[PDB]
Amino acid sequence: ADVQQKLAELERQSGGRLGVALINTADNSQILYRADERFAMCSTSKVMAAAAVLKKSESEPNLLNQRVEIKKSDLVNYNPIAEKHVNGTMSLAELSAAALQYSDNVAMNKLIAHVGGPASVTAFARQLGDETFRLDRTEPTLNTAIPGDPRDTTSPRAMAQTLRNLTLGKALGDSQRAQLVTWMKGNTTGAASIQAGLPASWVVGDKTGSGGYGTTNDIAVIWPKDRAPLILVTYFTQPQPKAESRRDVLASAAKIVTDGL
């Protein structure tokens, strides 16, 4: 209850909409705040796309080594890795890492294309038992995050449950699950988000997202020191189209729901 109140307080101060789902695998409990509302996933959707490629690889040896051409026409709005490879190839492993660890958008588009498009990523989510996730478009338009628009959204509850399946459960084979977690633990974009609300000794694998309407997201698998793992989704979005990102709100939310663990 105290946690409920404190999240409400943080929401009020922030001026936006906050969605939180914590799963504590110590005792199979959850902390939920607007966990059944929809939020634009933005780049947090890249976990699902990388996982779909990993799943495909279980029946296609060496798929992760398959090369993909990067052409000027592939560049989009945010290309931190791909812009270094124009007019060469990158492997699907390389693209997965770039999508997950740098939030590269070309890399996401290549993962999307490889598996058959947004509807294929969505069908993979369904196959896992996630009936909430929907990836409707490609990069960069999937990040518009317009209030009231259900495209490219999920709920905090659904994303937490799916991320626990992917990272701690059996959605993926052991090699593929380890590769996903390795990639996420190597993320470079999350240090100001959930990470920033946890003790320094805790280990985190996370994926951030940023979008229109100051949308600021993070989904994480967390290994606290000497404790069973956690799954945490913190989604946040704002009323103004050009609102500035608020990674600090995610850090605050993470502190509130884990303080006292």
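Position 1 is the first residue in the sequence shown; the rest follow in order.
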- 53 to 61 versus 216 to 224: which one carries the higher mean Cα B factor per the record? 53 to 61
- Would you mind comparing 65 to 73 and 189 to 197 for me and telling me which has the higher average C-alpha temperature factor in the entry? 65 to 73
- Note to self: of 89, 144, 153, 179, the C-alpha temperature factor tops out at 89
- Message: Can you tell me which of 117, 169, 129, 173 has the maximum CA B-factor listed in the PDB entry?
- Response: 173
- Ranked C-alpha temperature factor of residue 84 among modelled chain residues, by third: highest
- Query: In terms of the chain's CA B-factor thirds, is residue 206 lowest, middle or highest?
  - Reply: lowest
- Grab the CA temperature factor for residue 21 from the record and place it in the lowest, middle or highest third of its chain. lowest
- Ranked against its chain, the third holding the CA B-factor of residue 94: middle
